[PDB]
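Chains as they are written, first to last, in PDB author numbering: chain E, 20 to 401, 440 to 474; chain D, 20 to 401, 440 to 474; chain A, 20 to 401, 440 to 474; chain B, 20 to 401, 440 to 474. A virtual CB, placed ideally from N, CA and C, is assigned to each residue, including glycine. Here is the structure we will look at, set down as structure tokens.
Protein chains: 4
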Amino acid sequence: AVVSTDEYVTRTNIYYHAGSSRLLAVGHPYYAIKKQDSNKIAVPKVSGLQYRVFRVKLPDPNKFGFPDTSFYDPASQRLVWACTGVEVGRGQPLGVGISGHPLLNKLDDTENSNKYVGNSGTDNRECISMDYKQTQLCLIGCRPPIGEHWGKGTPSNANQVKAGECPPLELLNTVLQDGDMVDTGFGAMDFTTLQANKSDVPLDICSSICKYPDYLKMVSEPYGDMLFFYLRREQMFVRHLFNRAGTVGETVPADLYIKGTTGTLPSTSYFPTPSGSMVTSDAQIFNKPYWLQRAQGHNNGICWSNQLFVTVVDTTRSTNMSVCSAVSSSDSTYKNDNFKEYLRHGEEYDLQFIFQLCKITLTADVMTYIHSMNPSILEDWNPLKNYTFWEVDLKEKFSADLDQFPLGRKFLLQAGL
Amino acid sequence: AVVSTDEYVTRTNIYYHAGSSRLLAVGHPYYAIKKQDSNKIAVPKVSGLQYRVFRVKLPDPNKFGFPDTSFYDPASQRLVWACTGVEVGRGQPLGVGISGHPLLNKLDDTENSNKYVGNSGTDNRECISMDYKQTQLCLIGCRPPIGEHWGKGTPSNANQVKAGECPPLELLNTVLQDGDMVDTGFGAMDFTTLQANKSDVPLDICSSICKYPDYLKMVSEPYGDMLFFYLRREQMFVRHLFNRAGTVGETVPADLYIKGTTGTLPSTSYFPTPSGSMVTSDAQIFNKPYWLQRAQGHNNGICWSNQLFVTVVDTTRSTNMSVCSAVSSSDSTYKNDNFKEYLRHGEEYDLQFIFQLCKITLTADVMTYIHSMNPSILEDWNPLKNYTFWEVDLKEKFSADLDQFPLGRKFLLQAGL
Amino acid sequence: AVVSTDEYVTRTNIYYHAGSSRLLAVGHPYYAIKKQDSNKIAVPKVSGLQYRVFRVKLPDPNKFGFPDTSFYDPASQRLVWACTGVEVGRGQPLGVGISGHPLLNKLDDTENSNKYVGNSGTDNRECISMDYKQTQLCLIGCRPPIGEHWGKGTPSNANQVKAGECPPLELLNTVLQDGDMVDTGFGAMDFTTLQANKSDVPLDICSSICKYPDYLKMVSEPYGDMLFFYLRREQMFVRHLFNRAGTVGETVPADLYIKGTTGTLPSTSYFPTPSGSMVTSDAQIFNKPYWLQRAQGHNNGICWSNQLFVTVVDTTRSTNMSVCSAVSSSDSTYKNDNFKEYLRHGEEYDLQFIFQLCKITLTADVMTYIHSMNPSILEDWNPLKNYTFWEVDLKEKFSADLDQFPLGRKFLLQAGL
Amino acid sequence: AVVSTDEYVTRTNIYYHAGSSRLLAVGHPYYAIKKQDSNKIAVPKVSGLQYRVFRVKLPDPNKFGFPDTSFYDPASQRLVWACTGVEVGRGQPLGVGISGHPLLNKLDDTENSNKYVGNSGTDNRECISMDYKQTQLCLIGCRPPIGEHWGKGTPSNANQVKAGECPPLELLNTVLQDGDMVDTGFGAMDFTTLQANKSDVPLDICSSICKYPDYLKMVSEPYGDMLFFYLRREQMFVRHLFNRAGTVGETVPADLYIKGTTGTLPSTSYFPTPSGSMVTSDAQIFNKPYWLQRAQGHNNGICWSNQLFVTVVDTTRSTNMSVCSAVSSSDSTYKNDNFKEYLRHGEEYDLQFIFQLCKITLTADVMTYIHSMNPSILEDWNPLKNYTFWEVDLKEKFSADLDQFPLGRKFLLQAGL
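The following block contains the structure:
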């Protein structure tokens with residue numbers, strides 16, 4: 020049986036502040052801009068519709084020296100940082116982005132259509148932009164949290180799912196890594212593999228994967244390292260109702276309608292346009308301090324391995340500024356050829372923390388337990442090379458003067474004495 | 020005279036955790052996709068607008084063997100599981116659905132008509148989609164809940180209701196089965212029998228009955244096994260205003276308007292489109308622990324016949340993702356013929372429960388009482442073949458370690474000691 | 020190590036009221052109207068989208084003589100005024116502004132395009148208005164607060180960013196000055212330098228810098244002078260969805276879409292129209308009394324150098340009234356020629372304060388600490442020439458009879474005794 | 020120095036109820052309908068957009084005779100009524116108006132312009148109607164309250180503001196009189212003198228003054244008789260965005276835009292159409308009892324000169340019913356000629372009160388005080442002939458049987474004993 024870190028981890032009156040400097044990110048909000056020839060990234064893809072998985076590296080309390088550590092034996096005892104308070108600073112003004120696609124697959128507007136026009140042509144795709152669902156999360160664990168998304172599954176011992184057929188979907192687990200896409204209104208799937216025409220979702224999501232955090236799994240993990248704090252805030256509505264183009268795969272059962280003279284049965288592949296509606300200072304989940312006093316799972320903000328993952332999505336600040344640059348300010352009349360528009364979005368974060376020094380006495384039982392949990396714990400006391446995270450090193454940003462910082466100042470106060 | 024189960028069921032300090040594994044369901048949102056020849060279902064009809072009637076099977080405490088059961092005589096006593104808490108965990112992103120009908124019956128948009136064009140021709144139907152009323156409901160009871168819808172009644176000893184005439188309506192009661200439709204803004208009725216043209220409601224309902232919980236009935240049942248807890252959160256508004264095509268049954272009394280020259284009097288058969296407006300985290304009725312400490316009726320969450328019904332409707336997460344497949348990825352110019360769009364909707368559920376062991380002493384009085392109430396309960400201590446339920450067996454999912462689980466861990470806490 | 024003024028500034032029972040007469044301001048909301056030949060401002064640009072940085076000049080309490088100052092030695096001690104409560108009276112009726120541009124750079128409406136028309140021509144700009152993002156703020160500090168915005172950045176030791184190219188951005192800090200524009204929903208940036216065509220945002224901002232208070236920097240400053248108090252309320256949504264005109268600088272990766280025959284790929288330079296939705300006396304942040312009992316930073320509203328800054332933005336009273344004057348009223352038929360339309364906007368402030376007398380004992384340690392904090396504080400007890446602020450002098454507006462003023466009256470109540 | 024009435028006004032245990040009979044008003048909502056020839060008003064102007072200034076007369080307590088006035092000396096003392104509870108009953112259903120102008124000055128809709136048509140003709144005005152900003156107020160002063168609007172100022176010593184120019188504005192204080200217009204989302208101004216074309220506002224305001232309570236002045240008045248209790252509930256948003264017609268006085272500085280070939284530069288005089296949004300029972304500020312237990316200013320609901328002023332504006336019930344009257348019911352075909360549409364609105368108020376009988380001993384000190392306050396107070400104990446109030450006489454409406462009236466029932470109950 021799995022048991023609470025309070026059963027094997029002693030706390031200590033020692034607290035330290037730690038804050039990341041200002042973290043900025045700027046680039047194009049749709050696709051990346053790589054060199055004209057090389058395939059090396061020039062200007063990243065920084066959208067407001069992107070996860071932020073921060074891997075927060077903490078100094079090893081065992082290297083560090085401590086004064087209140089005089090009734091502590093480094094022979095048989097060890098040290099972890101237990102996270103006590105988190106503040107995820109956000110800067111930039113609130114506002115909304117808006118993604119589109121030069122050739123969106125949209126047939127007609129089936130909200131209040133004018134009439135019925137004969138069978139269409141080939142390529143009825145049109146340029147259309149829209150504003151996605153608004154989300155605001157913040158998961159804190161000492162393992163990176165996972166995501167779920169719908170992806171293409173492998174068929175059974177039967178027929179061959181030849182081209183054009185509908186491939187069986189499969190609900191896949193995945194690790195959330197910096198720069199992944201959140202669901203925008205089209206659900207959480209994998210667009211590249213479930214949509215061949217690559218045309219019916221704006222460019223920012225069309226060739227990628229909108230992931231949704233596996234809350235139900237993460238929450239149900241025995242040890243519960245993947246997250247021991249969260250906050251969700253999603254909300255959306257139907258701006259528009261449309262028809263898709265191209266031949267319907269599963270045709271309509273004729274005993275559901277009466278045969279209407281004249282017609283090859285209009286499209287039924289309907290799809291709506293979301294809308295995040297409105298972003299308001301008061302809706303905001305960020306910029307406030309969170310005290311994870313008691314954790315949701317067994318692990319009680321114990322940052323094994325001296326690490327921390329702060330995951331964050333946030334579409335309230337999503338605005339894309341456009342920059343226009345002229346070919347030559349030598350003209351005196353407006354001509355479009357003379358200017359080039361670019362699109363730029365820039366993200367701004369600030370992470371603060373306050374951790375508590377804790378001690379673990381390595382006895383027969385505890386060692387066993389830690390062992391079945393995670394061996395590295397023990398092993399490192401004497440891996441994710443495949444995942445990409447926004448790296449945050451606070452090995453040199455630790456303080457003990459809580460007073461010098463807003464979050465510390467709060468903490469002192471809020472913790473009372 | 021009906022009596023509270025506190026009068027004849029003894030409670031004990033024994034609480035077990037029960038949980039279902041991830042339930043998933045993936046199907047077309049509007050209609051089922053059966054094999055091309057066969058009439059066996061290949062892909063189901065999973066939609067956001069459906070009920071979820073879980074039949075929760077529980078292990079029979081009488082077979083199970085227990086330690087605190089020492090001051091318990093199995094000769095004279097029996098055992099029932101009392102439900103103490105429920106938690107309906109809901110996977111996937113909140114999103115919204117959109118339903119439509121290729122040949123919908125929509126004469127013209129009477130919100131702000133342009134003019135008055137003379138008597139139209141035949142078949143002026145059209146492709147029109149729209150977002151249904153938003154609803155979120157959950158009923159827990161140890162018997163299946165009943166619903167009410169408007170159906171076709173049988174006429175009195177008088178004239179023959181020949182074709183064309185309006186049949187009289189009748190309020191019917193019916194049990195809620197997994198898969199039925201909730202009222203979508205069109206009322207709760209039976210569209211197959213009450214609408215011949217099968218063309219004035221999107222297909223997902225036009226050939227179906229839209230039930231609505233009979234809360235008035237179920238509330239009033241003398242035993243109250245039907246439901247001992249429930250929460251409803253329904254809301255909608257008028258998206259558009261239309262006119263129906265087809266001659267009007269009941270003509271307009273001429274003393275209601277002045278004879279306007281030029282006309283056969285335009286249609287006055289009006290219908291509105293609903294819109295459930297917005298879904299949001301805070302609206303959410305699920306993912307939180309319920310504790311049915313005291314039950315609404317007499318039965319205080321005693322699951323007779325080791326059984327439980329969790330009826331659940333949820334239009335918050337009703338997004339249908341479309342998957343486009345290509346006939347041949349050999350072409351390099353977009354052509355609709357080369358693509359097949361498909362609609363799919365995946366549901367994800369999690370059921371969690373906490374049960375109390377309760378003993379009953381089969382005496383002279385109790386037995387006669389339980390007999391009149393339900394005989395089965397007695398006979399079974401020494440049916441629904443016609444109703445279809447999502448089947449959930451937790452016989453092997455019971456645990457006495459409440460600690461290992463969020464709903465249990467909560468339990469323990471909240472209960473106090 | 021910085022230390023709370025509570026550590027070196029004694030408080031006395033001495034409270035004065037002070038406040039500014041009616042503060043009006045009236046001009047054109049879009050641009051300043053200077054003489055026809057001279058470059059001398061005739062009518063200012065008073066807009067509801069502007070910053071209000073008030074410099075409050077306070078009487079120096081060392082020249083003043085006091086009666087309760089008999090256990091005070093002016094030889095070794097000095098005096099500062101400590102802010103206790105502010106109150107920012109707003110006049111005019113709630114209302115909302117509207118900003119356009121005769122030659123807005125607005126290709127087409129991509130929200131639900133009709134079709135696809137071939138490649139346009141040159142100059143497709145058109146007149147367009149709109150209601151900006153809605154904001155309410157108010158920073159109280161003893162130094163002028165700072166702003167953050169996106170500017171043009173100097174490139175590195177490499178290639179020459181020739182015309183055409185997209186300049187690297189750089190986030191700049193800057194002093195908020197009366198008259199600056201807040202972000203309007205086009206982000207916080209320098210439109211003069213970052214947008215050449217000077218045609219893709221209303222005139223009230225296309226040639227200015229919209230700034231956004233760097234809460235994050237100020238909050239974090241070690242002494243906390245820049246603000247010891249603040250309230251934001253900003254809210255906004257996407258009224259429209261547009262396409263820009265002109266060539267695209269970062270061209271769409273061809274591997275993200277399928278070569279649709281017939282096109283030079285439509286604009287992908289999308290931009291949205293904000294809207295600040297709706298203003299409600301409920302929303303009001305203003306017209307109340309603020310009591311800075313405990314400061315956010317180290318400075319507990321020590322108005323060092325007998326100064327105060329109240330920075331304020333307010334879009335909820337943002338109306339521009341329009342005045343129509345005739346060329347001759349001798350006509351009896353309407354002709355546009357004969358009427359001249361003007362736009363005019365007027366702001367009305369009222370500034371209320373309540374100060375507590377404080378005494379500092381100039382010792383060894385105290386002096387050196389004040390010195391490395393700010394030397395001027397010591398020097399002056401025996440600079441912003443480049444900054445423009447709405448001067449507010451209250452030297453002659455101090456009152457000891459707090460009962461005569463609402464704020465006065467409240468303060469006594471609220472403080473209790 | 021001013022001082023609280025508590026300082027010279029003694030209270031007694033004497034309360035008295037009062038109430039005006041049902042107050043009605045019916046007429047035209049836009050303009051007064053005088054006799055055809057005469058200039059006498061036949062149907063007055065009753066709009067939901069108007070201020071309701073009541074002058075509540077009151078019995079002089081000194082001529083009244085009292086039984087508990089046995090330890091009171093009519094030779095040296097005197098009597099005033101102190102208001103204690105005000106109940107502003109409102110009848111009719113909630114509902115909303117819509118003002119219009121057949122030749123409103125509306126060039127084109129610049130929210131989302133079609134194209135760019137060249138230089139328009141002359142008189143492009145059109146019929147437009149609209150709902151105004153929603154406001155709900157109620158001020159209770161023993162003097163009439165003041166209001167503020169943007170008037171036409173006199174120029175200084177220099178040039179002559181010839182016809183065409185824009186007049187310099189000037190903030191004016193005016194007394195609020197029954198029948199005035201509340202701002203309607205075009206701000207507080209004087210449409211007659213500031214808008215020569217008298218065509219760019221619906222008629223109900225186009226030739227009048229819309230005023231806004233000078234809350235800032237009133238509140239700040241040393242005595243505060245103007246008002247001792249108030250509640251405001253104003254809201255509104257932008258239903259559309261338009262463009263005005265007629266030459267632009269203050270032309271756009273050319274360096275704010277690039278020279279667009281093909282243009283005299285479209286209009287840039289923009290104006291928005293407000294929208295009060297929604298009226299709801301809960302929003303309601305009326306139909307509840309108000310207990311001015313403590314006043315805001317110095318005057319504590321003391322009705323000097325036996326007088327009272329209830330200023331109310333309410334747009335929540337602003338429905339205008341239309342009545343159609345035929346020229347001859349002898350026709351059998353609908354013909355517009357045969358009918359006359361008319362417009363009417365009617366207003367239903369009910370004023371209830373509760374006054375407390377206070378005595379004032381006329382001493383040397385108190386006399387000189389009262390005199391400096393208001394000589395009439397003293398001279399009347401042994440003027441607004443130019444202002445127009447809804448006169449309300451309660452001289453005969455006083456009862457001391459508080460029990461007989463809801464208000465009074467409430468008072469007993471609320472005040473406890």
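Task: Selection of the segment 344-357 of chain B by Cβ proximity to chain D, strictly under 7 Å - done: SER351, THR352, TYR353
Task: chain E within 8 Å of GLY282 (chain B), Cβ atoms only - done: no
Task: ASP399 (chain B) versus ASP244 (chain B): straight-line alpha-carbon distance, rounded - done: 18 Å
Task: Below-8 Å beta-carbon distance, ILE277 (chain B) vs any chain A residue - done: Answer yes: the Cβ-Cβ gap between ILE277 (chain B) and chain A drops below 8 Å somewhere.
Open item on the list: How far does the beta strand (DSSP E) with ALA345 (chain D) in it extend, from its first residue to its last?
Closed with: 340-345
Task: Close-in-space but distant-in-sequence residues of the same chain around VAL22 (chain B) (CB under 7 Å, 5 per side omitted) - done: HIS317
Task: DSSP state of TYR34 (chain B) mapped onto helix, strand, coil - done: strand
Open item on the list: When you compare the CB of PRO394 (chain D) with every CB in chain E, is at least one pair closer than 8 Å?
Closed with: Not closer than 8 Å to any Cβ of chain E, the Cβ of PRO394 (chain D) fails to qualify, so no.
- [ ] Taking all protein chains shown into account, decide if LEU222 (chain A) is buried (16 or more other Cβ within 10 angstroms of its Cβ) or exposed.
- [x] buried
Task: Status (buried if at least 16 other CB within 10 Å, exposed otherwise) for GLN371 (chain D) - done: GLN371 (chain D) is buried by the Cβ-count criterion.
- [ ] Indicate whether at least one CB of chain E lies closer than 8 Å to the CB of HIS36 (chain D).
- [x] no
Task: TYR151 (chain D) vs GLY206 (chain D) beta-carbon contact at 8 Å - done: no
Task: Those runs of the beta strand (DSSP E) which lie wholly inside the segment 85-172 of chain A and span at least 3 residues - done: 96-102, 104-109, 120-123, 145-147, 153-160, 165-171
- [ ] List the residues of chain E whose Cβ lies closer than 8 Å to the Cβ of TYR444 (chain D), in chain order.
- [x] Using a Cβ-Cβ cut-off of 8 Å, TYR444 (chain D) is close to nothing in chain E; its nearest Cβ partner there is about 24 Å away.
- [ ] Would you mind telling me which residues of chain D sit closer than 7 Å to residue 475 (chain E), beta carbon to beta carbon, in chain order?
- [x] Outside the displayed span of chain E (20 to 474) sits residue 475 (chain E), for which this structure offers no information.
TODO: On the DSSP bridge assignment, give the partners of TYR50 (chain B) in chain order.
DONE: According to DSSP, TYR50 (chain B) bridges with nothing at all.
- [ ] Evaluate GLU253 (chain A) with the Cβ neighbour count: other Cβ atoms within 10 Å of its Cβ, from every protein chain shown; 16 or more gives buried, anything less gives exposed.
- [x] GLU253 (chain A) should be labelled buried.
Open item on the list: Buried or exposed for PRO232 (chain E), going by 16 or more other Cβ atoms inside 10 Å?
Closed with: buried
TODO: State the start and end residues of the unbroken beta strand (DSSP E) segment that holds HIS259 (chain D).
DONE: Per DSSP, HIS259 (chain D) is not a residue of any beta strand (DSSP E), being assigned neither H nor E.
Task: Sequence-distant residues of the same chain with beta carbon closer than 6 Å to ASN81 (chain E), five excluded per side - done: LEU98
- [ ] Check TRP310 (chain D) in the structure and name its three-state DSSP category.
- [x] strand
TODO: Grab the span of the beta strand (DSSP E) containing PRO293 (chain A) for me, first residue to last.
DONE: 289-294
Open item on the list: Whole angstroms are fine: how far does the CA of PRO241 (chain B) sit from the CA of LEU311 (chain A)?
Closed with: 26 Å
TODO: Could you tell me whether the Cβ atoms of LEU284 (chain A) and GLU130 (chain A) are closer together than 8 Å?
DONE: no
Task: Helix, strand or coil at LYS467 (chain A) according to DSSP, with G and I counted as helix - done: helix
Task: Residues that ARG263 (chain E) contacts on chain D, provided the C-beta gap is smaller than 7 Å - done: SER341, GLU360
Open item on the list: On the CB-based measure, 16 or more other CB atoms within 10 Å of its CB, does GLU366 (chain B) come out buried or exposed?
Closed with: buried
Open item on the list: Quick check on the burial criterion: 16 or more other C-beta atoms within 10 angstroms. Buried or exposed for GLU269 (chain E)?
Closed with: buried
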